[PDB]
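Asks: Experimental structure and its sequence below.
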Amino acid sequence: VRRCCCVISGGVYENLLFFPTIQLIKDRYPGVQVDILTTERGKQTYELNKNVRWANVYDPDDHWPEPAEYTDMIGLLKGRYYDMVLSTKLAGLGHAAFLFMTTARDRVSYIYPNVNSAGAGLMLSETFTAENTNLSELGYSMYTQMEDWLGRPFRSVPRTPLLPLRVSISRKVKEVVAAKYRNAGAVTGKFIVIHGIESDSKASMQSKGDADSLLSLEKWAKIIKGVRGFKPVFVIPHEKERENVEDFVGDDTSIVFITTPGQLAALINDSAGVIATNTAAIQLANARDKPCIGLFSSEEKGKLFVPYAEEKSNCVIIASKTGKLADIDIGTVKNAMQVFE
Amino acid sequence: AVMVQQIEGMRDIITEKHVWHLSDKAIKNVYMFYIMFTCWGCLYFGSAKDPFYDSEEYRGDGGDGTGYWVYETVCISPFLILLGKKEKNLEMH
Amino acid sequence: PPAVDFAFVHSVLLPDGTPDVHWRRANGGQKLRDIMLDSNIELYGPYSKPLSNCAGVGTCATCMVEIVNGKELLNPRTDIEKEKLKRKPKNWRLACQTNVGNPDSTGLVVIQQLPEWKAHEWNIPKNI
Amino acid sequence: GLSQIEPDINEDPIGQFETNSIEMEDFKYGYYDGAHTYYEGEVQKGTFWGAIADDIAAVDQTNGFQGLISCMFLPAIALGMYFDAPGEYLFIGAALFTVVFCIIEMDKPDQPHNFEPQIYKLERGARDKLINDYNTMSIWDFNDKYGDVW
Ligand code: FES
């Protein structure tokens, strides 16, 4: 192939965990101008790839788009003259016709388990029947079928990971996030991000399969009071939480407003510690070898969204014994003191 | 021109009724003068210091004069920073 | 008897420069407007004239009173107090929409009347 | 505008219909709307001719001759009627004025805002189309960054 589309979906998290797949594609073939037809909140993540070209905004999980927009994007994918598609939109017929209408040599897609994929094989080169209908619920991998097809053994080794999730930040986002946390009470070396706050916003980068992923503030106040301050900078998804956070943990605590995942990764790269709950902050921390702890609502979701915790030797994964994200708030403090210094 | 009209209700009316018209030739002449004014302005104000489409605000960022230069620019400068990022990763970040 | 202890700090300071506390006794919780009117303390201010206020329903933002030490026995903001005032320090409630509880009630709510036209800020200790 | 980073999506799409203005709670009347600004005392002179000719001089690329003919053109057509009725002379003279203006508008200055957007890199003063007839500089291919510094 020479040009490769990607019709992925989900938002911030699911677009982030596709970076191993795109690096796999660019490792399989020498030169691939990769394009992404994703949803808004997903294009922003594609500042952090250094392997992509266009990254347009479509929201393929709309199912009922404007025919002007639908035909515009169909003709766009046609006029870019792709050779592979690799949807992972998780739909069969209807969307299979949307991939077929694109002049593509190798239409690759995911498929509903239900009857909704009645005729997807008539248009696709690969089937990839899936699980749970909510693929992000599958966890961090989410693409093992797409990966174990991409670069199957035909001449050489697959090499499906390349040191998973090598995100990369630019210097301008680094400078503006540095000015952000310096306008806060933080120094570039000794500070710690948070990125877990009770909110109602899509900028917290949670998931499509996790509901009780974001932790409360009074429980977060007890967590952060249990630990001596290494200047924890708070990462709110919206300014309305700022006056809430100052009302809960105190006026002295410094809050940084980050909604762009590129700005978030620029914050991670300068941070020396991460106390994230199940958001994209955990994976951006595991990228660039930063020390996380990674709270979770269950050991199942913790193993699913962090299977490689035994490979970085810093992300001491934490969960809750019961559900509903009611964790201990005691031993997490102990191994936080262990790992952050 | 002057007419007295009787009406039962209110009063008498002293209508005047100056029926006139600009005329066929004068209408052509005002078309002529306005087209000549359009010529004069199209040339002169065309030769004026258009302050917006001269500076580094329009002509700097893109500034071709299209309406897609904004969108293709903010679709290209992501690609340019991504290419520079790949060049940075080519030489060990 | 079950007596709720109001204070009703006036907005105008005395010529001494110290606030004046009046300590109205009125029993039970029905409505803070009806309590401040039955017990005869200045609630409205210049809106105390007859038709200069809505007289209890909540359509005007006139009987607003800053209440501190009052997280104990109140009704929550009834979405008229949350809407008819929108950008306030959140200690300010409308007396005729709020309610200090039920007859069997004791407490020490201190309610600075006329928060508009005041000189002091009250420096409430930060919550949580 | 530029937006080197990707901008932040607004979580509050304010409304399909109501405007994007601030509410009256935060509106400082008088100063914003100009209803209580303009205290006379900071104003300046230039009574209607020291500020018209100033504005004409502010926006003008007309030289001595081109410009004089521009000032005398519309008075010539205005006196094409109410003084005489030449006819085709007016249109022939107007075409002559247009053509001589366009020949004059092949200006000796080239004013690099005239050129393509791809030209704006740096150092574009060393580029001199102003004097160099038959430039012969293959930089308008616009597919590779040639070093035109010579
Ligand atoms: S009197 Fe109108 S709000 Fe209470």
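Replies: Arrived safely. Numbers count the residues shown, from 1 in each chain, chains lettered A, B, ... in the order given.

Asks: Show the end-to-end separation of stretch A:291-298, please.
Replies: End-to-end distance of stretch A:291-298 (C-alpha to C-alpha, to the nearest Å): 20 Å.

Asks: Please disregard the earlier target; I meant stretch A:223-237.
Replies: Its start and end residues considered, stretch A:223-237 measures 20 Å (C-alpha to C-alpha).

Asks: and it, how far out from the chain's middle?
Replies: 23 Å (C-alpha atoms, centre = their mean, to the nearest Å).

Asks: Kindly report the same for stretch A:10-22.
Replies: The gap between where stretch A:10-22 is centred and where its chain is centred comes out at 5 Å by C-alpha atoms, centre = their mean.

Asks: same check, this time on stretch A:244-264
Replies: On the basis of C-alpha atoms, centre = their mean, stretch A:244-264 sits 20 Å off its chain's mean C-alpha point.

Asks: how long is it end to end?
Replies: 21 Å.

Asks: Okay, and residue 69 sits in which element?
Replies: As the question left the chain open, I've gone with chain A. Applying DSSP states H and E as the criterion places residue A:69 in helix A:67-79.

Asks: could you do chain D instead?
Replies: helix D:65-78.

Asks: hmm, who's touching that helix?
Replies: Among residues not part of helix D:65-78, those counted as contacts by C-beta atoms under 8 Å, 6 or more residues apart in numbering or on different chains are B:33, B:36-37, B:40, B:43-44, B:47, D:60, D:62, D:90, D:93-94, D:97, D:100-101, D:104-105. (C-beta placed from N, C-alpha, C; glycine too.)

Asks: can you map out the strands along the chain?
Replies: By default, I'm working from chain A. For chain A, the strands defined by DSSP state E occupy A:3-4, A:33-34, A:37-38, A:56-57, A:234-236, A:255-257.

Asks: try again with chain C
Replies: Counting by DSSP E, the strands of chain C are C:64-68, C:92-94, C:110-113.

Asks: Which residue ranges of chain B form helices?
Replies: Shown for chain B, the helices assigned by DSSP state H span residues B:24-44, B:58-61, B:69-90.

Asks: Hmm, I typed the wrong one, I wanted the stretch 151-300 of chain A.
Replies: Assigned by DSSP state H, counting those that start in this stretch, the stretch 151-300 of chain A shows helices spanning A:171-183, A:218-226, A:242-248, A:261-270, A:280-286, A:299-305.

Asks: could those helices go into a markdown table alongside distance to chain B and mean neighbour count?
Replies: A markdown table is the format used below for the helices of the stretch 151-300 of chain A (distance: least, C-beta to the nearest C-beta, whole Å; neighbours: other C-beta atoms under 10 Å in any protein chain shown):
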| stretch | distance to chain B | mean neighbour count |
| --- | --- | --- |
| helix A:171-183 | 7 | 16 |
| helix A:218-226 | 32 | 17 |
| helix A:242-248 | 28 | 16 |
| helix A:261-270 | 10 | 26 |
| helix A:280-286 | 16 | 28 |
| helix A:299-305 | 26 | 19 |
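
Asks: closest one to chain C among the ones you listed?
Replies: Comparison of these against chain C by C-beta to the nearest C-beta identifies helix A:242-248 as nearest, at 4.9 Å.

Asks: ok now that closest one, how far from the chain's centre?
Replies: With C-alpha atoms, centre = their mean as the basis, helix A:242-248 stands 27 Å off its chain's centre.

Asks: ok, is it in contact with chain C or not?
Replies: Yes. Applying C-beta under 8 Å from any C-beta of the partner chain, one finds helix A:242-248 touching chain C at A:247-248.

Asks: Contacts for that helix, please.
Replies: A:197, A:217-218, A:220-221, A:234, A:236, A:253, A:255, A:257, C:126-128.

Asks: List buried residues within the contacts of helix D:65-78.
Replies: When these are checked for burial by 16 or more other C-beta atoms under 10 Å in any protein chain shown, the buried set is B:33, B:36, B:40, B:43-44, B:47, D:62, D:90, D:93-94, D:97, D:101, D:104.

Asks: rewinding a little: do you know which of the helices of the stretch 151-300 of chain A lies nearest residue D:27?
Replies: helix A:242-248 (21.1 Å; C-beta to C-beta).

Asks: If you tally nearby residues, what's the number for residue 37?
Replies: No chain was given, so I picked chain A. As a burial measure, residue A:37 scores 26 neighbours (other C-beta atoms under 10 Å in any protein chain shown).

Asks: actually it's chain D I care about, not the one you picked
Replies: With neighbours defined by other C-beta under 10 Å, the count for residue D:37 comes to 10.

Asks: likewise residue A:136?
Replies: A count of nearby residues for residue A:136, using other C-beta under 10 Å, gives 22.

Asks: Residue D:132 now?
Replies: Using other C-beta under 10 Å, the number of residues around residue D:132 comes to 10.

Asks: so how far is residue D:126 from it?
Replies: Residue D:132 sits 11 Å away from residue D:126, taking C-beta to C-beta, to the nearest Å as the criterion.

Asks: Over to residue A:97?
Replies: 56 Å.

Asks: By proximity to chain A, which residue of chain B wins?
Replies: Closest contact between chain B and chain A, by C-beta to the nearest C-beta, is at residue B:85 (3.8 Å).

Asks: can you tell me how far that residue sits from residue A:283?
Replies: Distance of residue B:85 to residue A:283, computed by C-beta to C-beta: 18 Å.

Asks: do residue B:74 as well
Replies: Counting by C-beta to C-beta - residue B:74 and residue A:283 are separated by 27 Å.

Asks: How about residue A:166?
Replies: 11 Å.

Asks: Ok, residue B:67 next?
Replies: Applying C-beta to C-beta, the value for residue B:67 to residue A:283 is 39 Å.

Asks: Tell me how many other residues surround the nearest residue to residue B:77 once chain neighbours are set aside.
Replies: Spatial nearest neighbour of residue B:77, excluding adjacent residues (C-beta to C-beta, 6 or more residues apart in numbering or on different chains): residue D:4 at 6.5 Å. Neighbour count of residue D:4, defined by other C-beta under 10 Å: 16.

Asks: Please list all residues in contact with residue D:4.
Replies: Taking C-beta under 8 Å, 6+ apart, we find residue D:4 in contact with A:172, B:77, B:81.

Asks: I figured the first one was touching residue D:5, is that so?
Replies: Okay, so that is residue A:172. Yes. Between residue A:172 and residue D:5 there is a contact under C-beta atoms under 8 Å: 6.1 Å.

Asks: Contacts for the longest helix seen in chain D next, please.
Replies: Ranked by residue count, the top helix of chain D under DSSP H comes out as helix D:88-104. Helix D:88-104 has contacts (C-beta under 8 Å, 6+ apart) with B:32, B:36, B:39, B:43, B:47, D:63, D:65-66, D:69-70, D:73, D:76-77, D:80.
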